[PDB]
Protein chains: 2
Amino acid sequence: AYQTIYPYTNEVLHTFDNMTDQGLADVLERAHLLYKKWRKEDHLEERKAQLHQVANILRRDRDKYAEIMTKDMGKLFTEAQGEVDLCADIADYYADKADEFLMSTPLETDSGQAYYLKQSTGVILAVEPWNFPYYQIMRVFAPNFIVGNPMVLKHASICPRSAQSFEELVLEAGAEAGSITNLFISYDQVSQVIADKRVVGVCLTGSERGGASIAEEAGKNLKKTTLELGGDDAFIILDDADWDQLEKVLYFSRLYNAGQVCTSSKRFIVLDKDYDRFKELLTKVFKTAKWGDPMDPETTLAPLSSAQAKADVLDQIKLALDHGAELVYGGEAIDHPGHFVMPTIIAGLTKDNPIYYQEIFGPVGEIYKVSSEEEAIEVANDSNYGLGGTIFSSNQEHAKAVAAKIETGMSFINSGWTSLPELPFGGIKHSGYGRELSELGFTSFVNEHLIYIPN
Amino acid sequence: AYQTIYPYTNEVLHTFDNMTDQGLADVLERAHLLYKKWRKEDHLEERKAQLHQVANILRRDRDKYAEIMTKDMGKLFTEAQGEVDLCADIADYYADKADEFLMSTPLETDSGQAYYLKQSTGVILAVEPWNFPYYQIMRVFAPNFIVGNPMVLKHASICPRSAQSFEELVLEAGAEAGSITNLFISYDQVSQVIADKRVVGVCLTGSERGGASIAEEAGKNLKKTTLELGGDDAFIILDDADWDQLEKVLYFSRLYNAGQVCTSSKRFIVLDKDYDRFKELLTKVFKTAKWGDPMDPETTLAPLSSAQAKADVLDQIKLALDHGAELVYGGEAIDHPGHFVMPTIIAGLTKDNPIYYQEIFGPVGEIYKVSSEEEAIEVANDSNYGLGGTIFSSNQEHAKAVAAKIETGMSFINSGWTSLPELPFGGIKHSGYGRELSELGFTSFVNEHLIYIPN
């Protein structure tokens, strides 16, 4: 099940054997002892330097790591390079704000003295998706590594080289074996890991079904969890939007990583007045897509991560069109080896259309037409998701006001999504719960230990 | 079957009909609508005033509410009053910190301007136990009512009168219908509630079995949860402990609320040098217990909450002795229609004995003998629980260093457990995850909504 099948050529590059039961057991024991070691001894500084070393190695071998991602799930090499860069910053960020985030927090009480320490809890199981091989790991690894929680990783079946190589990266960084261990395990073994007493929490990023299975097993074992699921983000273009700045970000907003981004701008919400205009602008933007070899710097549209992905995205387009939706652009198949899906644009999606509520993890722009800022908010919130979203307006005071009215976890102003170490990332509803990155993500599996001294 | 059966007489005082399915659907729809209302228009000021009014009424009718708890689950009337006083403080704390806690949070970044709003998410389900009928409710209601999350409550079956009166209290304070609704439902209906899309979270306080079952249903439905389970807190007595102070808190530490406290001091850890001295001292203390009518101001030991509760405790005492434990004091049957268990002390519990790892929700002191401080820590941590705990030492810095080495959510220096609005309450391991009270519990079901504007 775990193998690299280059999306561009569909050529199986390498296959990996699944971890055995005894192997898994050895990994959990090593992980658990390492935890105990970091609890009794102070190795904070070593991990800080180690995390910094992870930054340099990535910075240094950027190109090598970037290609591994491109070959695993086939994203543009240039995009892959950017990810590695985001990873260097997440790593350097937590290595830097380590002392500040770990510092004890005093509590104000008129009945004595009180404060709470920030301690580690144990081995943490991370379950990650293939859309952002390295970023998805770093995002949870770095903070937890700083806290002192060893981590075990269950990555996606289509990006094993990335998962394995990440472990090697940390080991090469001078980190102790056990800090992060990759697990080529079945979902049956994930169930066992969650049920193991040595594992104290689970952080998952992925599909709704997956999150449901993993969270449920976690609940049955009294294990804390954080869920980062999909999104069907609304990109709202207000009456005073700067159309020159708008055209500058459109391509990135929906076609980045070929639309395979949980926070991709999946639902364009435009005013009646601007309907025909936007329809033409998004089309002009989508026509500039240059698909082909994701290693070639000239390519601007990658092939989807697998045959199934492509199959589902096309089936979703067909379903949209069979339920009333209108085909504005694209649609015809791309006859060429590889899981390519050409940019497509649909509109006329009503609440009666199933696609109206479904997240399309592909290069498919969807245009919704509203008549007021009120209907805009209404459509935006009429969704089972609430991850990201965008508000486009030249008046930032105005943009912020409307954003606050959107039921979602993130609102990006006059721009597509963005992820940074200092910014909390997460959503509500079917998009999950809990936050990653920033200081919020740092405490997800931290034990806030209260010390109370009454007078 | 929700039913008030006075533990002191075993007489049935009230029987309540279980809520119907339609009524459940109506309660859930009313609460969801109330959430949307508080999410669209700002009513924080009203809620603050109403919460203060809750405190005002509680203050006025303290004795009335206190008796309801006593008759529901038999706690000493005086303890019930103190419970009401804590509820009052909780209410006022949150009405007071309201604005501070709901305030917008700026995020440091040189990429642009960023911050996040603290917003409500929806209807929250609260599952509470009977040991603190009101405090259990108030701990989650107050913080959540202020943030804007309507609440639905599933209280223990043996304290319905308390559950019902809490709803009435809130309505009397002036809060809009739906703010909190008591649900006399089955665990089947509880499951349907957790599956309802209008419910966005579940904060439970209870046993391990029930907690796991509810969390499992929550995870399957992608709903965030917080668990406040049982404890088996270790009360560690260091070599420089002030025995004069020690004698002053022992009665409270283990026999308060008849030992039916998750943070009751269930495991006394003493050094050889002080072992015999401690057995005599704990015996001396337990001997002063005077059981009887809980409404009687001279009664210092109440009956357990139910016949089953009493049956389970006696069984645990029997099982401890059957597996080698030593009977230091008590253990004798109390002949009286009430669910009384006399204060009992046991020592000589080994890892071989099942009781060694079990939580005893009753007036049972357990004495563990350790040769050194380091050994004390090993025993304290050799547990499946990690809720509270106490460290007795005259040297404050010494007390603090030791507490940090304990794996648990809370540490009380030179005192038994205590709970205040400003102090976070929670544990690790089988004690659960998440925190109630203080600002930390305030955000358990808050949506940290990021607003980002790039440069």
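Report yes if some residue within region B:399-421 is farther than 26 Å from B:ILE137 by Cβ, touching a residue at least 24 places away in the same chain (Cβ under 8 Å) and out of contact with any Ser or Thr (no Cβ under 9 Å at 6 or more places or on another chain); otherwise report no. Taking every residue of region B:399-421 in turn, at least one turns out to be farther than 26 Å from B:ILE137 by Cβ, touching a residue at least 24 places away in the same chain (Cβ under 8 Å) and out of contact with any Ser or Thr (no Cβ under 9 Å at 6 or more places or on another chain). B:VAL193 falls short on exactly one of the conditions (1) under 30 Å from B:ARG254 (Cα atoms); (2) more than 19 Å from the chain's Cα centre (by Cα); (3) away from every other protein chain (no Cβ under 14 Å), and that condition is (1).
Quick one: which of B:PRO424, B:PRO354 is more than 30 Å from A:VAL249 (Cα to Cα) and more than 8 Å from chain A (Cβ to nearest Cβ)?
Values: B:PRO424 fails: more than 8 Å from chain A (Cβ to nearest Cβ).
The unique qualifying residue is B:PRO354.
Is it the case that some residue within region A:85-102 is farther than 14 Å from A:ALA142 by Cβ and among the hydrophobic types (A, V, I, L, M, F, W, C)?
Residues of region A:85-102 that are farther than 14 Å from A:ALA142 by Cβ, as a first pass: A:85, A:99-100.
Subsequent filtering for residues that are among the hydrophobic types (A, V, I, L, M, F, W, C) retains none.
Looking for residues that are farther than 14 Å from A:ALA142 by Cβ and among the hydrophobic types (A, V, I, L, M, F, W, C), one finds none in region A:85-102, hence no.
Set side by side, the residues A:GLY231, A:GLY259 differ, and just one is within 14 Å of another protein chain (Cβ to nearest Cβ), crowded, with 17+ Cβ neighbours inside 10 Å and either of a type in the set (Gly, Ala, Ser) or within 23 Å of A:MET410 (Cα to Cα) (or both), which is A:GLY231.
Yes or no: region B:384-398 includes at least one residue that is without any contact (Cβ under 8 Å) to a residue 12 or more places away in the chain and either away from chain A (no Cβ under 11 Å) or surrounded by fewer than 24 Cβ atoms within 10 Å (Cβ to Cβ) (or both). Scanning region B:384-398 turns up at least one residue that is without any contact (Cβ under 8 Å) to a residue 12 or more places away in the chain and either away from chain A (no Cβ under 11 Å) or surrounded by fewer than 24 Cβ atoms within 10 Å (Cβ to Cβ) (or both). The condition (being more than 27 Å from the chain's Cα centre (by Cα) and under 29 Å from A:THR9 (Cβ atoms)) is satisfied by just one residue among A:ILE317, A:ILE345, A:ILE334, A:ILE360: A:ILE334. For region B:74-129, filtering for residues that are over 28 Å from B:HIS43 (Cβ atoms), of a type in the set (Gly, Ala, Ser) and surrounded by 22 or more Cβ atoms within 10 Å (Cβ to Cβ) leaves 2. Just one of the numbered conditions (1) surrounded by 18 or more Cβ atoms within 10 Å (Cβ to Cβ); (2) touching a residue at least 60 places away in the same chain (Cβ under 8 Å) is not true of A:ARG62: (2).
The set of residues in region B:234-255 that are under 21 Å from the mean Cα position of the chain (by Cα) and either crowded, with 24+ Cβ neighbours inside 10 Å or assigned to a loop (DSSP other than H, G, I, E, B) (or both) comprises B:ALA234, B:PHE235, B:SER253, B:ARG254, B:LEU255. Looking at region B:370-391, can you tell me whether even one residue there is part of a strand (DSSP E or B), of a type outside the set (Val, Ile, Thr) and either touching a helix residue (DSSP H, G or I) at 6+ places or on another chain (Cβ under 7 Å) or farther than 23 Å from B:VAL261 by Cβ (or both)? Scanning region B:370-391, I find no residue that is part of a strand (DSSP E or B), of a type outside the set (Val, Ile, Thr) and either touching a helix residue (DSSP H, G or I) at 6+ places or on another chain (Cβ under 7 Å) or farther than 23 Å from B:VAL261 by Cβ (or both), so the answer is no. Among residues of region A:287-311 being within 17 Å of A:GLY74 (Cα to Cα) and among the charged types (D, E, K, R), the one that is surrounded by the fewest Cβ atoms within 10 Å (Cβ to Cβ) is A:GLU298.
Hey, could you check region A:146-187 for residues that are of a type outside the set (S, T, N, Q) and in a strand (DSSP E or B) and say which is farthest from A:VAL202 (Cα to Cα)?
First pass over region A:146-187, keeping only residues of a type outside the set (S, T, N, Q): A:146-148, A:150-156, A:158-161, A:163, A:166-178, A:180, A:183-185, A:187.
Subsequent filtering for residues that are in a strand (DSSP E or B) retains A:151-154, A:180.
Numbers: A:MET151: 10, A:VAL152: 10, A:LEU153: 10, A:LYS154: 11, A:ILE180: 14 Å.
Applying the filter and picking the extreme gives A:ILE180.
Within region A:355-366, the presence of at least one residue that is surrounded by fewer than 24 Cβ atoms within 10 Å (Cβ to Cβ), without any contact (Cβ under 8 Å) to a residue 60 or more places away in the chain, assigned to a helix (DSSP H, G or I) and hydrophobic (A, V, I, L, M, F, W, C) is confirmed.
Of all the residues that make up region A:435-455, how many are in contact (Cβ under 8 Å) with a residue 60 or more places away in the chain, at the interface with chain B (Cβ under 7 Å from one of its Cβ atoms) and not β-branched (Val, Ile, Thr)?
As a first pass, look at region A:435-455 and keep what is in contact (Cβ under 8 Å) with a residue 60 or more places away in the chain: A:435-437, A:439, A:441-455.
If we keep only those that are at the interface with chain B (Cβ under 7 Å from one of its Cβ atoms) as well, we get A:435, A:447-454.
If we keep only those that are not β-branched (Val, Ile, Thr) too, we end up with A:435, A:447-450, A:452, A:454.
The total comes to 7.
Considering A:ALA195, A:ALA215, the condition of being closer than 20 Å to B:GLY211 by Cα, in the same structural domain as A:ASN18 (by CATH) and surrounded by fewer than 20 Cβ atoms within 10 Å (Cβ to Cβ) is satisfied by A:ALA195 alone. Checking each residue in region A:196-228 for being aliphatic (A, V, I, L, M) and either more than 11 Å from every other protein chain (Cβ to nearest Cβ) or over 20 Å from the mean Cα position of the chain (by Cα) (or both) picks out A:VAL199, A:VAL200, A:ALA218, A:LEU222. Every listed requirement among (1) within 14 Å of chain A (Cβ to nearest Cβ); (2) under 19 Å from the mean Cα position of the chain (by Cα); (3) part of a strand (DSSP E or B) is met by B:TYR115 save one, (2).
For region A:425-439, does any single residue satisfy the condition of being in the same structural domain as A:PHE141 (by CATH) and assigned to a helix (DSSP H, G or I)? Taking every residue of region A:425-439 in turn, at least one turns out to be in the same structural domain as A:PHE141 (by CATH) and assigned to a helix (DSSP H, G or I). Candidates are the residues of region B:400-418 that are farther than 15 Å from B:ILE237 by Cα and crowded, with 21+ Cβ neighbours inside 10 Å; the one that is nearest to the other protein chains (Cβ to nearest Cβ) is B:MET410.
Positions of Cβ are generated from backbone atoms using ideal geometry, with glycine treated the same way; all protein chains shown enter the neighbour counts. What is reported rests on the model, the rules as stated and the sources as named; no laboratory read-out is quoted.
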